[PDB]
Amino acid sequence: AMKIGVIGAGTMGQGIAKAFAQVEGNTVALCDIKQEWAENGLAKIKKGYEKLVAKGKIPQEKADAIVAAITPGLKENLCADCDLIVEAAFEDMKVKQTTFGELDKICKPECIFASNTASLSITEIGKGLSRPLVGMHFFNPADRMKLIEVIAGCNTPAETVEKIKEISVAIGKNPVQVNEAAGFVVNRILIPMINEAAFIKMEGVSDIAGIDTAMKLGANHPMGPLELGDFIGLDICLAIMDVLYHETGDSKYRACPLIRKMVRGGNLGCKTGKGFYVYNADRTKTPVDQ
Amino acid sequence: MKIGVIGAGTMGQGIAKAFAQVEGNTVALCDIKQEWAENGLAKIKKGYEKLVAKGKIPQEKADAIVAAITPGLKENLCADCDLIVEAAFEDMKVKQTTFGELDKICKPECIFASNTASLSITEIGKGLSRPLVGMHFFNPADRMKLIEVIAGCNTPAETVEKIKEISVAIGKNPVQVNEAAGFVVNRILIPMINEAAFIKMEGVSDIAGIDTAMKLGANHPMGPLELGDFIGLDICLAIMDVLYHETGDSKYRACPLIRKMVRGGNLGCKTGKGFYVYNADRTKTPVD
Amino acid sequence: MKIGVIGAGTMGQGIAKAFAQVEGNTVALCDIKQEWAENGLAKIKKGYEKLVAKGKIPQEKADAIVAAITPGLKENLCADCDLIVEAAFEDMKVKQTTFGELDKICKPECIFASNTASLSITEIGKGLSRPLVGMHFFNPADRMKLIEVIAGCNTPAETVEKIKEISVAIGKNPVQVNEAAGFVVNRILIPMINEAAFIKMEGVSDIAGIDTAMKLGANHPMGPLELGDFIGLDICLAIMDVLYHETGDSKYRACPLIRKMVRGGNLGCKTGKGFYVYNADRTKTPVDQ
Amino acid sequence: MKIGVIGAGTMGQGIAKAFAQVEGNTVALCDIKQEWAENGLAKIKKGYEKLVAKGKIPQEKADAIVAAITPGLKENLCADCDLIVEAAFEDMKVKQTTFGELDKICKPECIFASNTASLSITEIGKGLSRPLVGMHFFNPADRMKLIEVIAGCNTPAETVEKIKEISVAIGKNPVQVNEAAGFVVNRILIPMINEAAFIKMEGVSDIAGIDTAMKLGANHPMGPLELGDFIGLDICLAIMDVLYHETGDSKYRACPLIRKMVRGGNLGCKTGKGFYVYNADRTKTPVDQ
Amino acid sequence: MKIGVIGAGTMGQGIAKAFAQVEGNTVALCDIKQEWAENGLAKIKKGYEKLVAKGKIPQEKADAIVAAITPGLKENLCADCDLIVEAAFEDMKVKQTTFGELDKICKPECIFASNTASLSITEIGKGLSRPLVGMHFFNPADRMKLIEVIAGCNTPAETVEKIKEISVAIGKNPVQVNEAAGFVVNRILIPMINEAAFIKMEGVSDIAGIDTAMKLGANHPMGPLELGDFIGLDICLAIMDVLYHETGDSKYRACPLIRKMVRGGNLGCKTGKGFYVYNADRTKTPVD
Amino acid sequence: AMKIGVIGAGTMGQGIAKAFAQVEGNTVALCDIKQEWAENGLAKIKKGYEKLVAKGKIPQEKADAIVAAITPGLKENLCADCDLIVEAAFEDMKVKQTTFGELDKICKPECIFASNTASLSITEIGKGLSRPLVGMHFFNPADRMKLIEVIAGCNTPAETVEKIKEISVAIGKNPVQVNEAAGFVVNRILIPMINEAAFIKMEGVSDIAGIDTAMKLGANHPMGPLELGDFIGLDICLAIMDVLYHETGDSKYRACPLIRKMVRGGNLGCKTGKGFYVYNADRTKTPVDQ
Ligand SMILES: CC(=O)CC(=O)SCCNC(=O)CCNC(=O)[C@H](O)C(C)(C)COP(=O)(O)OP(=O)(O)OC[C@H]1O[C@@H](n2cnc3c(N)ncnc32)[C@H](O)[C@@H]1OP(=O)(O)O
Ligand SMILES: CC(=O)CC(=O)SCCNC(=O)CCNC(=O)[C@H](O)C(C)(C)COP(=O)(O)OP(=O)(O)OC[C@H]1O[C@@H](n2cnc3c(N)ncnc32)[C@H](O)[C@@H]1OP(=O)(O)O
Ligand SMILES: NC(=O)c1ccc[n+]([C@@H]2O[C@H](COP(=O)([O-])OP(=O)(O)OC[C@H]3O[C@@H](n4cnc5c(N)ncnc54)[C@H](O)[C@@H]3O)[C@@H](O)[C@H]2O)c1
Ligand SMILES: NC(=O)c1ccc[n+]([C@@H]2O[C@H](COP(=O)([O-])OP(=O)(O)OC[C@H]3O[C@@H](n4cnc5c(N)ncnc54)[C@H](O)[C@@H]3O)[C@@H](O)[C@H]2O)c1
């Protein structure tokens, strides 16, 4: 028995709502700024489940049971008796401090405040609050990836972190404790990978398909780093690289200019149909270097 | 086709098996001492009997592979070789004189390839009478499917192409690489291990946590700290130092934590202790 | 052909001359203040007078090229031009806004070219209706024979080629260059100037010594410190900053001596004081005396 | 005056010419192998023959300067010289040893000067009995008018001045420079070449484009890639490495494309292949074709 | 001599006392609001009565210092000032327009000086009709003896010399500085505090241990982590960021540990918690 | 009651021997490679004490009592029943591993092995030993500076560190625990100070006397950083800067070229009569920039 409020109905908010709603005994309030926005979020969840049912990867009952646990609305209306708040709204500092400032008055004292941010400081978001703010970082798709990075801020008490650890185990995830630093663990290791592969291509060491083939066969990775950058989104990789660079001040994390040029041109990868690979209707992908 | 493998260590053994695996290939497994070459084939042979007993290879096929491998010295076995793959000790002068001697022994049409990962292909074959190309295998070479074909500064495109064709003939996937420090895999893979150590060093997370996050968050087969322990932390340290000295870029500075562990003999699996202690059972315990 | 030059500074003037000195071209000069745009065609008439007096130009030729330059009001005239060359301030949102207010004013079929020194061609032309290409001139634009032709990711070959033909049609040599911070010349030339300032700041030599060393040792036409003053030290600083921010590499960090000089208005020739003081006798004097 | 040149490569030859082409001087050329030292005076006689045939030199003048260059055996002749100019391999212990074996051979009162490109003047001359001064020539030494005069911490003014007088006495322009890695010209010029290689390696432009850009855009006499081949790419690499190690600043990290070319013997003009291939037709061809 | 001090905060108060301490000087303590200037003098006055009660100053001398200080607005009090020392809010546009207004108010021979530590002296007085020089005091200005005289790009040597003479006239030791980020003291002192935080962050030692080692090993009066807490970690962070952005050199990258503490409001003494917790007694406890 | 063996009779070895011999109940075996070398070491200790007696800063009895506790000789002869070994010989890796390899056979099992190194790895020195190797770092002059940095290597057990902590407190010093990293704590902070001051001078920001005056009055430091570099020895500052740079690979610790040029010229500071200041017979020092 647990009531979970997810603030933000975009991609990540939908996946987090699904992650909690999969576990029996959990109810999710999927909130956003405008009521229609949260309705579109749940409709996008409903539309996604109808596809998995057609492809025979989920029973219709389970999809219906999951959807019936998610209620769209406003945090003023649905988050009073919540036990956990996981915010997953737009990555803007002021918006996050405003959301949690309002939630501090709406929610009961026992409610735990968590944020799914990846680019902003857990410490700075929850500065003026009356209760701890902790990082609960999921990975796309949140309902299937089993990792959760638990982020301890400068003033987050150890009990707050432990509670998030139990909640993660209860929903069938594997919590990993991270003391707040740019990129945490996964992003800090994974995104410089893609960056290095781009440097390799830009410097003419090898070609795109070669670079990806080498990392798949030589390191037994599931995807090549350039394939992965297209899938993750090159605009997101560029932002992570720049955040790592600005937080540390270390030229080690300087972004590859080839990546910066591609983002400027709108070649963001899978979501625009073209990145390091061109994605064609026949489900064929070809490297832009032919 | 007849191949000469120079160096009967672990890598040379794997390369010999990779070529002898394919019907119609003969391999000359050479070293500086005849006994070493015969010991290399003995290690190759006994490894195949464990495979036969495990029922994972016909007894006659294993007998055929071993029969296709001849041990000895390069002066005696490499005159009519079609391809030479060097996999001896990683020293520039050792490799240079080895290929200067092979330059006089081998017939003109014989191709000279090297398995080096850290030394410059271009510098290896600087003053030779024929091109030098890189044919970088991955351990275990008989099982791993990737072959990095390293083009030197003066390697003709025809030599690169023939190595590509040989790679597919033995069932591998060649990827052309213009010579640079760390090639492709090592340039991307080892700084990853280096980054994870930095994360540990700076107190961001714990060893087991770091490794857990990479397999469950990035879908990797092994965590980077386990991987560094498996590769061996002395190898990782040496690769980082090569990348640093070849580029002059502080981006590749090795994590001082790793350098401290290498100095204490904590190299990983090969010594039983790295980021993990490897107990007599099968479990491994992080030194955290 | 009708050409519209956006900007009336040292380079807007030279680009105008570069087109007007070739027969059958007509140029529309533009700036912020009409007074400054009129100061443009004024400083052009002024320089051709000295050249005619020195016998280097026939007065008939000079009067003919000055008759092909018509100072618009920032536009009104920039409406029928077959080619646009902007030479405004090296700031990003400045060039978007300008090209933004320009996609309306000019004719539907008309080529848009930017004379930017190091900025992204792709980002400058984003919301535009037509391609945006880089056409980089070099000070002095009427004399230097090189044109760098830079294409964005979304720049067709028909526009890159048309720029190449227009370049040879006015007696220039176009070299195509892929999009990167500083392209070729500026990426090489400006850190050279930056290095020269570092050498002065660390006291390895004085201003005079550094410039005669590079002139008498590398056969360079101007010392790197004169060339800094000639280009405009504000321009050099802006290019180093773009280099540093685009690559993230401290290799391109601007020399603090130049940043101090730009903060004081010691920009070089265009303010009479940079690394040299420019006296009315037509002589220059190093500020370190 | 009697002058002893230590080294018979491209610069030992040019420094010899620079002194011998001025009346009343006599030069002693030296190298490792007498065959190589004799190859020195041979390649000098060879070049003056082509100049005389081209009418650029009177044969009487050329024969007079070739008569002032006497190839010693690495010394025997370097004993009465009033000035030593070493132009040996740019390695530190190489120059100590050479100047070490030289403090005996030469006369007690005789000036020791090094033509080093970037190495510490102070460290080169440490155990010596006399001061050690830097006298830096520039390829081609008989034509380039600049001489960099570099003093160590323990170098008196009488020696720095005597070098300044000898410089003007042979028609050169001496500029004094404080001791630092690369002095002035090389610190500015070689990273310029290094940058040009980075631009090629990252595919911004091809070899031809880069060199015509700097020639037609900055009025440079040679493109930075030709100049790399002309200087010797081994020399450029050594200078970048000295720069990187002396400052510890990754700003001066040598371009990996140059290090790859030097490892292959593609040194430029002196091996017929660098960034260009040098054909017998007297034409050069970019290796990227 | 008559001095105008612009800004009645802590620094402006100290500079006013430093000049009014010396017999024959009058000071105009100005701000943007008349009440603020009067509150600055009130803080100056009450600080002197605690000194009289402590027996560390004659009652009449303290009465004379306070009497030499007049509060108000610069338009009313600064027309006949001989020297202007600005110590208001550190914003480029604020300081620029302040000196543009003073350019019209003050008599031509009046010298314009600024106490800024992070903003460019050269840029402050860019378009003025008279030179702008830096006169950087150290808190408490009436007690600390060092004065950094900052020469701008266009500051004449005569203006630098007159500030040197004024500094010795009021009993200080002027040190000429050609404008660069961090001048001398801040350029050396703050990266030291930054380094100690890096040492803590990387697990090399503990806070108390770090601070103990610096006073007992280097004979310093305060440990760097205590010093950062005393200076205030927001000030240290801002100085590191200025040094980084002005030089573009990664050598001055601020320690991410400090940036995390500043984000949590743990600024040091001014908030009661930094690297040390400052208890109600007098002891301080490291957050280790 | 404690027997202490000090290996190395140079400057640091003498000061360490004096540090232990000052405390009642301690006996010091001051060893070196050649017997005459250790005799010269004790003679230098004796000669130094005769000067302090003349200047009236120590009683002759105390000097005599301290000297009577120090015995010169060879480690093969004097270190069998030692309770602590503090090596302070020349900073060369192989020499240190050889010394401790030999001492492992000579000394009783209870003997603690310590090294006063500042530039070399505690972990690497004691790699193949049969007992722990720990860092016990003193500061010149060791008999008066109260700080001791206790250096834990990769395999140093916590009890070894604690024993060194007690020994330091027993001899009236203040131990600080340091986990092995280049420069430890003090050198890593202090030497970049001097380096930065040299950069300030080289870049023409201020003059030598100004830089030192500013740090003395502005930061309340006892010595200016350039004064301090001359006193410490510029050759030593250059070596520390280079060790920090090579261990980390971080351009942040790159040595100032002005310092490198001065070391090449023999201007090492106080010990050569000239560094950033010229030291004249009349005890007057003048900055080399006049
Ligand atoms: C690395 C370090 O440590 C220091 C260094 O060296 S850094 C590099 C320094 N050197 C440079 O930078 C060189 C840069 N490049 C240049 O300056 C120019 O490209 C260049 C001067 C070499 C151009 O070559 P050039 O002008 O054709 O040679 P130059 O001799 O000046 O002129 C050609 C003429 O030689 C003339 N000539 C007359 N007398 C001559 C003589 N005694 N010797 C040689 N040439 C003579 C001829 O007239 C010929 O011209 P024509 O064929 O048209 O009649
Ligand atoms: C920052 C960016 O984005 C890109 C950039 O701009 S980077 C910088 C690029 N620009 C450069 O590098 C310039 C470098 N410097 C140089 O090339 C040379 O110093 C220089 C060409 C400017 C030298 O000046 P110069 O040679 O005296 O001017 P130049 O016109 O070529 O020759 C002088 C002659 O003008 C001649 N002349 C004849 N017709 C002329 C005409 N229509 N216009 C101008 N000059 C004419 C005259 O004959 C005069 O010579 P005399 O007085 O002896 O008779
Ligand atoms: N040596 C050089 O000057 C160098 C050479 C080639 C190209 N670059 C680039 O050319 C462009 C201009 O160079 P410059 O020498 O004329 O600089 P400049 O300092 O002389 O002034 C630029 C001119 O453009 C005007 N301007 C600014 N914003 C404008 C706008 N929005 N619309 C119209 N006019 C505007 C300015 O008032 C000024 O007249 C820059 O992008 C520069 O990076 C200049
Ligand atoms: N473009 C240039 O070549 C450039 C220009 C000016 C100065 N620099 C410096 O001049 C010196 C030589 O330049 P280079 O062009 O002749 O190089 P190079 O490659 O042409 O050969 C140098 C010559 O000196 C010989 N040599 C090497 N060691 C010697 C020794 N111990 N004693 C006598 N001879 C020895 C070599 O055999 C060779 O003949 C170097 O220090 C270089 O840094 C060269």
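Heavy-atom basis, side chains included; hydrogens, waters and symmetry copies ignored. By convention in this document, chain letters (A, B, ...) are assigned in the order of the sequence lines, proteins followed by strands, and residues within each chain are numbered from 1.
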(message) As an exercise, state the distance from CD of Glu202(C) to OG1 of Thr247(D), rounded to the nearest 0.5 Å.
(response) 9.5 Å
(request) Compare all side-chain heavy atoms of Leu189(C) with those of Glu195(D) and state whether any distance is below 4.5 angstrom. (result) no
(message) Out of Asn194(C), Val177(C), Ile150(C), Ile188(C), return the one with the most heavy atom pairs under 4.5 angstrom to chain D.
(response) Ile188(C)
(request) Could you look at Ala180(C) and say if it's the side chain, the backbone, both or neither that has a heavy atom under 4.5 Å from chain D? (result) side chain
(request) Quick one: which of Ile193(C), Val184(C), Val204(C) has the most heavy-atom pairs under 4.5 Å with chain D, could you say? (result) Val204(C)
(message) Does any part of the side chain of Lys251(D), heavy atoms only, come nearer than 4.5 Å to the side chain of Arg253(C), both counted from C-beta?
(response) yes
(request) Please state whether the side chain, the backbone, both or neither of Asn139(C) comes within less than 4.5 Å of a heavy atom of chain D. (result) neither
(request) Please determine, among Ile147(C), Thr212(C), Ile210(C), the option with the most heavy-atom pairs under 4.5 Å with chain D. (result) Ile210(C)
(request) Against chain C, work out which of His220(D), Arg187(D), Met144(D) has the most heavy-atom pairs shorter than 4.5 Å and name it. (result) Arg187(D)
(request) Identify which part of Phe137(C) has an atom lying under 4.5 Å from any heavy atom of chain D, answering side chain, backbone, both or neither. (result) neither
(request) Write down the atom of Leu146(C), the atom of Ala213(D), and the distance for their closest heavy-atom approach. (result) CD2-O, 3.2 Å
(message) What's the separation between atom CD in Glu148(D) and atom OG in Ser205(C), rounded to the nearest 0.5 Å?
(response) 8.5 Å
(request) For each of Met214(D), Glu179(D), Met192(D), tally heavy-atom pairs with chain C at distances under 4.5 Å, and name the one with the top tally. (result) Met214(D)
(message) Is it the case that atom CD in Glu165(D) sees more than 12 heavy atoms from other parts of the structure closer than 6.0 Å?
(response) yes
(message) Restricting to non-hydrogen atoms, name the atom on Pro221(D) and the atom on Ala218(C) that form the minimum distance, rounded to 0.1 Å.
(response) CG-O, 3.8 Å
(request) Count the heavy-atom pairs under 4.5 Å between each of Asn173(C), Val175(C), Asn219(C), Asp206(C) and chain D, then report the option with the highest count. (result) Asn219(C)
(request) Select, from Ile199(C), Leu227(C), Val185(C), the one with the greatest count of heavy-atom pairs under 4.5 Å involving chain D. (result) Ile199(C)
